[PDB]
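Numbering-wise (PDB author numbering), the sequence shown opens with residue 1 and increments by one.
All remarks here apply to the structure that follows.
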Amino acid sequence: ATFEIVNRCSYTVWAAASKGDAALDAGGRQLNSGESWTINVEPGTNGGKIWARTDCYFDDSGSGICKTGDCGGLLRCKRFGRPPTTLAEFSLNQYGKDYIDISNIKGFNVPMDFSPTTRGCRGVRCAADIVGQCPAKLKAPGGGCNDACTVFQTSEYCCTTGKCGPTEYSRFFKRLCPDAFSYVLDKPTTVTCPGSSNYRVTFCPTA
Numbered sequence: 001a002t003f004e005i006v007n008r009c010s011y012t013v014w015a016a017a018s019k020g021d022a023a024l025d026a027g028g029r030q031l032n033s034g035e036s037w038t039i040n041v042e043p044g045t046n047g048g049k050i051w052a053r054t055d056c057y058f059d060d061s062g063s064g065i066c067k068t069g070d071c072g073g074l075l076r077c078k079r080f081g082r083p084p085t086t087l088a089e090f091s092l093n094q095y096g097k098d099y100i101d102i103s104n105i106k107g108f109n110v111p112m113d114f115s116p117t118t119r120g121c122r123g124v125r126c127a128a129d130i131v132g133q134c135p136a137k138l139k140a141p142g143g144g145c146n147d148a149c150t151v152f153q154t155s156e157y158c159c160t161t162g163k164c165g166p167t168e169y170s171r172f173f174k175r176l177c178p179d180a181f182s183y184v185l186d187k188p189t190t191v192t193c194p195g196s197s198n199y200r201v202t203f204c205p206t207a
């Protein structure tokens, strides 16, 4: 499957793509404002994620640091990124269908649209100014709006036992972005697409 990753933000981002135990395609790349990077994701990929990283420094070997979404200091991510990270999430060719969502469960750094480029389903979007509006206690000094699990490490926010409810913090993310997951047991906002659809992930889709 192809995923065109487009940076419509006014700032550079370092896109990342991983399934947690491996890179997807090259795993990461710089995207200056306006650039597009098309990746190939193997059919059947389960639990894939795409995210943006901000304010990164890499050496000539591809090692460094980012302020949001850092994946073990690598340009070419093999592992998921450090919160806060707005997440484009997908599982492809799962009994004939693809499944996509956006999640704020690991916080929010950059606004995003995640849409099919092929027929048969809708896209989703979380493009509100979550960083600007972020509750004081969730603001990441390093940049972004942390989720409450990251900040407070409780069973209730992290849904550790499987039976957590919404919270004041989850409700903030949900109010700003109703179509994104706000906590682990949120009512799902997953879209079912035809199996083997192709997609575009756009950072900063709106002005």
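Think of the CB as a built atom: it goes at the ideal place given N, C-alpha and C, for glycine as much as any other residue.
Reduced DSSP secondary structure (H/G/I, E/B, other) of residue i
{"i": "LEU176", "result": "helix"}
{"i": "residue 228", "result": "The displayed coordinates of the chain run from 1 to 207. Any statement about residue 228 would go beyond what the structure contains."}
{"i": "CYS164", "result": "coil"}
{"i": "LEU185", "result": "coil"}
{"i": "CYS71", "result": "coil"}
{"i": "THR192", "result": "strand"}
{"i": "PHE3", "result": "strand"}
{"i": "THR12", "result": "coil"}
{"i": "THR54", "result": "strand"}
{"i": "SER63", "result": "strand"}
{"i": "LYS78", "result": "coil"}
Distance, residue j Cα to residue i Cα
{"i": "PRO83", "j": "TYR95", "result": "31 Å"}
{"i": "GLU156", "j": "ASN198", "result": "36 Å"}
{"i": "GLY47", "j": "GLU89", "result": "7 Å"}
{"i": "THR38", "j": "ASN104", "result": "24 Å"}
{"i": "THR117", "j": "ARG125", "result": "14 Å"}
{"i": "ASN109", "j": "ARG53", "result": "8 Å"}
{"i": "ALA22", "j": "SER91", "result": "15 Å"}
{"i": "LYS49", "j": "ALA17", "result": "6 Å"}
Residue range of the unbroken beta strand (DSSP E) whose run includes residue i
{"i": "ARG200", "result": "199-203"}
{"i": "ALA88", "result": "87-94"}
Burial state of residue i (16 or more Cβ within 10 Å)
{"i": "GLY123", "result": "buried"}
{"i": "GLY69", "result": "buried"}
{"i": "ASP101", "result": "buried"}
{"i": "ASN32", "result": "exposed"}
{"i": "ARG8", "result": "buried"}
{"i": "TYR183", "result": "buried"}
{"i": "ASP129", "result": "exposed"}
{"i": "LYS187", "result": "exposed"}
{"i": "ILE65", "result": "exposed"}
{"i": "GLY107", "result": "buried"}
{"i": "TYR169", "result": "buried"}
Whole runs of the beta strand (DSSP E) within the region 104-160, excluding any shorter than 3 residues: 112-116, 124-126
Jot down the residue ranges of each uninterrupted alpha helix (DSSP H) in the region 15-52, minimum 4 residues, whole runs only, in chain order. none
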